[PDB]
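One file, query.txt, is given below (compact mmCIF, C-alpha atoms and all ligand atoms).
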```txt
# COMPACT_ATOMS: atom_id res chain seq x y z
CA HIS A 3 95.74 104.74 96.10
CA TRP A 4 96.03 101.78 98.45
CA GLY A 5 97.28 102.22 101.99
CA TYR A 6 96.71 101.13 105.59
CA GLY A 7 93.84 103.42 106.60
CA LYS A 8 90.26 102.39 107.23
CA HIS A 9 89.18 103.26 103.69
CA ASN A 10 92.13 101.96 101.64
CA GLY A 11 93.64 99.29 103.90
CA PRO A 12 94.23 95.54 103.59
CA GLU A 13 90.54 94.61 103.86
CA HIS A 14 89.86 96.57 100.65
CA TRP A 15 92.92 95.71 98.54
CA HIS A 16 91.11 92.90 96.69
CA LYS A 17 88.93 95.43 94.85
CA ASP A 18 91.83 96.77 92.78
CA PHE A 19 94.15 93.75 93.28
CA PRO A 20 91.97 90.62 93.06
CA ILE A 21 95.02 88.39 93.67
CA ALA A 22 94.62 89.53 97.28
CA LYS A 23 92.30 86.49 97.60
CA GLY A 24 94.73 84.19 95.78
CA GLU A 25 96.10 80.78 96.68
CA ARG A 26 99.53 81.84 97.97
CA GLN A 27 99.11 85.11 99.85
CA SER A 28 101.36 86.43 102.61
CA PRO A 29 101.87 86.87 105.49
CA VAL A 30 100.71 83.73 107.32
CA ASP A 31 100.54 82.52 110.90
CA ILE A 32 103.23 79.90 111.59
CA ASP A 33 101.76 77.14 113.76
CA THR A 34 104.76 75.45 115.38
CA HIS A 35 102.57 72.45 116.19
CA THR A 36 102.02 71.75 112.46
CA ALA A 37 105.06 73.17 110.66
CA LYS A 38 107.07 70.09 109.77
CA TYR A 39 110.78 69.64 110.27
CA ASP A 40 112.28 68.82 106.90
CA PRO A 41 115.75 67.35 107.61
CA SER A 42 116.66 67.80 103.95
CA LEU A 43 116.43 71.61 104.16
CA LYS A 44 119.88 73.15 103.68
CA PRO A 45 121.46 75.84 105.84
CA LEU A 46 121.00 79.41 104.68
CA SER A 47 124.04 81.09 103.16
CA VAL A 48 123.94 84.86 103.69
CA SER A 49 126.85 86.67 102.04
CA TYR A 50 126.66 90.37 102.93
CA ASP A 51 130.33 91.21 103.65
CA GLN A 52 130.51 93.30 100.45
CA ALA A 53 127.04 94.86 100.42
CA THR A 54 126.77 98.46 99.20
CA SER A 55 123.87 100.45 100.61
CA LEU A 56 122.98 103.54 98.60
CA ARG A 57 120.00 105.48 99.91
CA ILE A 58 116.98 105.40 102.19
CA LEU A 59 113.50 106.40 100.96
CA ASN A 60 110.05 107.06 102.46
CA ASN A 61 107.70 105.66 99.80
CA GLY A 62 104.50 106.55 101.65
CA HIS A 63 104.04 103.00 102.97
CA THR A 64 107.36 102.19 104.68
CA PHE A 65 110.98 103.20 104.37
CA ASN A 66 113.31 101.29 102.06
CA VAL A 67 117.10 100.99 102.20
CA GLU A 68 118.31 100.33 98.66
CA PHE A 69 121.47 98.44 97.62
CA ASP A 70 123.56 98.13 94.49
CA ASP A 71 122.41 94.88 92.85
CA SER A 72 124.66 94.88 89.78
CA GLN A 73 126.81 91.93 90.93
CA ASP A 74 126.65 88.71 92.94
CA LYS A 75 128.18 90.36 96.01
CA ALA A 76 125.38 90.69 98.58
CA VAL A 77 123.53 87.41 98.01
CA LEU A 78 121.37 84.76 99.58
CA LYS A 79 121.84 81.09 98.63
CA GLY A 80 121.06 77.73 100.13
CA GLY A 81 118.11 77.12 102.36
CA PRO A 82 115.16 76.16 100.15
CA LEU A 83 116.58 78.11 97.20
CA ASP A 84 117.98 77.07 93.86
CA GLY A 85 120.65 79.41 92.58
CA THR A 86 121.64 82.89 93.72
CA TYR A 87 119.45 85.77 94.88
CA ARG A 88 120.76 89.36 95.03
CA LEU A 89 119.80 91.76 97.82
CA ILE A 90 118.00 94.80 96.43
CA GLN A 91 116.40 96.48 99.46
CA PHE A 92 115.13 96.05 102.96
CA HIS A 93 112.21 97.64 104.77
CA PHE A 94 110.16 97.22 107.93
CA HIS A 95 106.58 96.87 109.11
CA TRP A 96 105.61 98.11 112.57
CA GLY A 97 102.74 98.98 114.87
CA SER A 98 101.19 101.94 116.64
CA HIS A 99 102.33 100.35 119.92
CA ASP A 100 104.81 97.65 120.90
CA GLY A 101 102.19 94.89 121.06
CA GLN A 102 101.71 94.62 117.28
CA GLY A 103 103.52 95.37 114.05
CA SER A 104 104.76 92.11 112.59
CA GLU A 105 103.17 90.60 109.49
CA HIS A 106 103.99 86.98 110.14
CA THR A 107 102.96 85.62 113.52
CA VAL A 108 104.21 82.56 115.39
CA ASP A 109 101.45 80.67 117.19
CA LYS A 110 99.47 83.91 116.77
CA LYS A 111 102.14 85.95 118.59
CA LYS A 112 102.78 89.39 117.10
CA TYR A 113 106.13 91.12 117.43
CA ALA A 114 106.68 94.89 117.54
CA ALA A 115 108.07 94.97 114.01
CA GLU A 116 109.26 92.81 111.14
CA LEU A 117 112.21 93.32 108.77
CA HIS A 118 112.03 92.15 105.14
CA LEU A 119 115.32 91.71 103.26
CA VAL A 120 114.27 91.41 99.61
CA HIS A 121 116.36 89.45 97.09
CA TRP A 122 115.78 88.54 93.43
CA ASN A 123 116.75 85.43 91.48
CA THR A 124 119.66 86.12 89.13
CA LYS A 126 118.30 83.62 86.60
CA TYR A 127 115.79 86.35 85.61
CA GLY A 128 118.15 89.26 84.97
CA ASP A 129 116.65 92.04 87.12
CA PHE A 130 114.01 92.61 89.80
CA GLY A 131 111.29 93.65 87.36
CA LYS A 132 111.56 90.38 85.46
CA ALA A 133 111.90 88.31 88.64
CA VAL A 134 108.64 89.54 90.18
CA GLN A 135 106.75 87.94 87.27
CA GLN A 136 107.93 84.47 88.32
CA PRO A 137 106.87 82.19 91.21
CA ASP A 138 110.54 81.69 92.18
CA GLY A 139 111.54 85.27 91.44
CA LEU A 140 112.10 86.61 94.96
CA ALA A 141 113.49 85.33 98.23
CA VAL A 142 112.56 87.40 101.26
CA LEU A 143 114.22 86.99 104.64
CA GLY A 144 111.70 87.90 107.34
CA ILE A 145 113.15 88.77 110.73
CA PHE A 146 111.09 89.60 113.81
CA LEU A 147 111.97 92.54 116.06
CA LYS A 148 111.31 91.79 119.73
CA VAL A 149 111.22 94.66 122.21
CA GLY A 150 114.08 94.54 124.67
CA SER A 151 117.60 95.94 124.59
CA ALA A 152 118.57 98.56 122.05
CA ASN A 153 120.04 97.03 118.90
CA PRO A 154 123.26 98.76 117.77
CA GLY A 155 122.77 97.29 114.30
CA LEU A 156 119.62 99.40 113.85
CA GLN A 157 120.95 102.69 115.21
CA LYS A 158 122.31 104.08 111.92
CA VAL A 159 118.84 103.58 110.41
CA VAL A 160 117.04 105.14 113.37
CA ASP A 161 119.35 108.18 113.32
CA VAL A 162 118.54 109.06 109.67
CA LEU A 163 114.75 108.73 109.77
CA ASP A 164 114.21 112.39 110.69
CA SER A 165 115.51 113.32 107.32
CA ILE A 166 112.86 111.30 105.41
CA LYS A 167 109.73 112.14 107.40
CA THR A 168 107.30 112.51 104.48
CA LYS A 169 106.40 110.55 101.40
CA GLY A 170 108.88 110.97 98.57
CA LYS A 171 111.80 112.07 100.71
CA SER A 172 115.10 110.26 100.38
CA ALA A 173 118.59 110.57 101.76
CA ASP A 174 122.03 109.23 100.95
CA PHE A 175 122.67 106.16 103.06
CA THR A 176 126.05 104.57 102.40
CA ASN A 177 128.08 102.18 104.52
CA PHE A 178 125.15 100.52 106.25
CA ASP A 179 126.04 96.95 107.23
CA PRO A 180 122.99 94.65 106.91
CA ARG A 181 124.83 91.91 108.82
CA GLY A 182 123.99 93.91 111.94
CA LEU A 183 120.30 93.09 111.37
CA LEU A 184 120.75 89.31 111.49
CA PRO A 185 120.25 87.08 114.54
CA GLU A 186 122.91 84.57 115.58
CA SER A 187 120.90 81.51 114.52
CA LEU A 188 119.77 81.25 110.92
CA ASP A 189 117.24 78.50 111.58
CA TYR A 190 114.10 79.24 109.59
CA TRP A 191 110.64 78.37 108.41
CA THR A 192 109.87 78.52 104.69
CA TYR A 193 106.79 78.56 102.49
CA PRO A 194 105.73 79.91 99.06
CA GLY A 195 103.91 83.22 99.16
CA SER A 196 103.51 86.76 97.97
CA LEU A 197 104.44 90.37 98.34
CA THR A 198 102.61 91.71 101.40
CA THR A 199 101.65 94.97 99.65
CA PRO A 200 99.93 95.62 96.33
CA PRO A 201 100.45 94.33 93.70
CA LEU A 202 100.52 91.24 95.99
CA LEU A 203 102.34 89.15 93.38
CA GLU A 204 102.81 85.46 94.20
CA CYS A 205 106.53 85.48 93.47
CA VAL A 206 108.16 84.98 96.90
CA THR A 207 109.96 82.15 98.64
CA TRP A 208 109.54 83.28 102.24
CA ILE A 209 112.31 82.47 104.70
CA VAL A 210 111.23 83.54 108.18
CA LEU A 211 113.93 83.32 110.86
CA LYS A 212 113.13 81.52 114.11
CA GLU A 213 115.20 83.90 116.25
CA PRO A 214 114.09 87.55 116.59
CA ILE A 215 116.51 90.43 116.78
CA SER A 216 116.10 92.94 119.56
CA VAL A 217 114.86 96.51 119.35
CA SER A 218 114.34 98.99 122.16
CA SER A 219 111.00 100.69 122.67
CA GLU A 220 112.77 103.97 121.94
CA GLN A 221 114.11 102.72 118.60
CA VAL A 222 110.76 101.50 117.30
CA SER A 223 109.16 104.92 118.57
CA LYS A 224 111.44 106.56 116.02
CA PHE A 225 109.85 104.54 113.20
CA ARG A 226 106.47 105.96 114.27
CA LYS A 227 107.67 109.54 113.71
CA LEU A 228 107.61 108.96 109.96
CA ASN A 229 104.52 110.03 108.05
CA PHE A 230 102.53 108.26 105.35
CA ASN A 231 101.57 111.56 103.73
CA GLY A 232 103.39 113.88 101.37
CA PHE A 233 103.55 117.63 100.91
CA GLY A 234 100.19 119.38 101.17
CA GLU A 235 98.41 116.27 102.43
CA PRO A 236 97.05 116.02 105.99
CA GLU A 237 99.59 114.63 108.45
CA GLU A 238 99.18 110.89 109.06
CA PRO A 239 101.75 109.04 111.19
CA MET A 240 103.27 105.96 109.57
CA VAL A 241 102.09 103.28 111.97
CA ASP A 242 100.37 99.90 111.60
CA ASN A 243 101.79 99.40 108.11
CA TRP A 244 101.31 95.62 108.34
CA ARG A 245 98.99 93.23 106.54
CA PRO A 246 97.29 90.64 108.80
CA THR A 247 97.78 86.93 108.28
CA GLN A 248 96.14 85.33 105.27
CA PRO A 249 94.80 81.80 104.73
CA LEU A 250 97.47 79.16 104.34
CA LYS A 251 95.19 77.16 102.01
CA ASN A 252 97.01 74.15 100.51
CA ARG A 253 100.53 75.23 101.45
CA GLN A 254 102.99 73.60 103.82
CA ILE A 255 105.31 75.55 106.10
CA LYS A 256 108.58 73.68 106.54
CA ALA A 257 111.02 74.10 109.42
CA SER A 258 114.79 73.81 108.97
CA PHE A 259 115.23 72.85 112.63
CA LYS A 260 113.90 70.18 114.96
ZN ZN B 301 107.53 93.80 103.56
```

As a first step, turn the structure in this file into structure tokens.
Amino acid sequence: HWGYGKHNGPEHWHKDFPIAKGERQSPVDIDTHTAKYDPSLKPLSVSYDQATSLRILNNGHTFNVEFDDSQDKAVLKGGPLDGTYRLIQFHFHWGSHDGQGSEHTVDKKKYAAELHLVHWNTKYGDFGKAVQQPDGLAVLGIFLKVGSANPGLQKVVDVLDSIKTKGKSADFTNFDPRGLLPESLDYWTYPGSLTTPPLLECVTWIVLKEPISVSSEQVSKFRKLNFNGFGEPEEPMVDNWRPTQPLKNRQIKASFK
């Protein structure tokens, strides 16, 4: 079983998942001195007014908030994307301390956490079909910068004590994902991958320029989750981030000057 420990962590994933050394792996470092403004890039259209959250789950690697994805209600369009992508889940990556935790970096800067809002391309019918395609997913990556407490996160923080160990889940209705968005939707974009095994190269990454805030106390609550399940030794869920991978032949485009 892959994980984030010394023995089963990112450095070793290529043994069981050889695509880990592929041509379009994520995350990447975003060099603002080389990412090119593309004035043709469209504004992002985020339509979450009618999103329906359902549950929250500790999967042993992160926690996921799952949404109903039966209809074109909660959707991402525009930006670099063709067509409509439905929100299916979001999750976070975070550190053992406030100085690290993000997967993407900006000029090598690491944030305390990173939010991934995962969407799939409706041209492919469902998530499982979409992940087999290079344009199957669109993921909105949002940095969390330590500062003031974020009221948009509080409902998540307040439920985490009910999903402490792997396999636990809880009902989680009426969560508004709009509260996790920054004011500006300026972004960088590039083609990449899932950041966990199976590391499939099926993602259009859309990384927002503006972080959202998080208080130190809020991100300390993430660290009270555990990677392990029942009967396994206790292992705090911290440093569940993959480090940046080679950009190779790819171009990171900026939507903003
Ligand atoms: Zn992720």

Kindly compile the residues surrounding ligand ZN 301 (chain B) within 8 Å, counting all atoms listed in the file, and format them as a PyMOL selection string.
-> chain A and resi 92-95+116-118+197-199

Considering only C-alpha atoms, state which residue in the set A:131, A:249, A:180, A:200 is at the smallest distance from residue 76 (chain A).
->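 The shortest atom-to-atom distance to residue 76 (chain A) comes from A:180.
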
Find the residues around residue 221 (chain A) up to 9 Å (only C-alpha atoms counted), leave out those fewer than 6 positions away in its own chain, and share them as an MDAnalysis selection string.
-> chainID A and resid 152:153 156:157 160

Give me, please, the distance in Å between CA of residue 139 (chain A) and CA of residue 45 (chain A), quoted to one decimal.
->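 Distance between the two atoms: 19.9 Å.
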
With distances taken over all atoms listed in the file, which of A:244, A:233, A:178, A:208 is nearest to residue 114 (chain A)?
->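 That would be A:244, the residue with the smallest distance to residue 114 (chain A).
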
Using only C-alpha atoms: which of A:169, A:120, A:211, A:8 has the shortest distance to residue 192 (chain A) |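 Between A:169, A:120, A:211, A:8, the residue approaching residue 192 (chain A) most closely is A:211.
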
What does the distance from CA of residue 207 (chain A) to CA of residue 96 (chain A) come to in Å, to one decimal?
->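 Here the two named atoms are 21.6 Å from each other.
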
Proximity check region 92-186 of chain A to region 14-35 of chain A, 9 Å, nearest pairs one decimal Å, all atoms listed in the file, as CSV:
```
residue,atom,partner,partner_atom,distance
A:105,CA,A:29,CA,5.6
A:106,CA,A:29,CA,5.1
A:107,CA,A:31,CA,4.7
A:108,CA,A:32,CA,4.7
A:109,CA,A:33,CA,4.9
A:110,CA,A:31,CA,6.1
A:111,CA,A:31,CA,8.6
```

Compile the contact shell of residue 254 (chain A) as a PyMOL selection string: residues with an atom at most 8 Å away, counting only C-alpha atoms, same-chain residues fewer than 4 positions apart removed.
-> chain A and resi 37+193+250

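You can rank A:126, A:79, A:256, A:171 by their closest distance to residue 64 (chain A) using all atoms listed in the file, and at the top of that list sits A:171.
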
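Proximity of A:260, A:121, A:155, A:203 to residue 179 (chain A), computed with all atoms listed in the file, is greatest for A:155.
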
In Å to one decimal, how far is CA of residue 138 (chain A) from CA of residue 206 (chain A)?
->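 Separation between CA of residue 206 (chain A) and CA of residue 138 (chain A): 6.2 Å.
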
Show which residues sit within 10 Å of residue 58 (chain A), as a PyMOL selection string. Count all atoms listed in the file, and ignore same-chain residues fewer than 4 positions away.
-> chain A and resi 65-69+91-93+159+162-163+165-166+171-176

Polymer residues at most 12 Å from residue 103 (chain A), only C-alpha atoms, same-chain spacing of 4 or more positions, as a PyMOL selection string | chain A and resi 94-99+107+111-117+146-149+222-223+225-226+240-247

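Minimum atom-to-atom distance to residue 88 (chain A), evaluated using only C-alpha atoms, belongs to A:140 out of A:134, A:56, A:210, A:140.
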
Long-range neighbours of residue 258 (chain A) as an MDAnalysis selection string, 7 Å cut-off, only C-alpha atoms, 2 positions minimum in chain | chainID A and resid 39:41 43 189:191 256
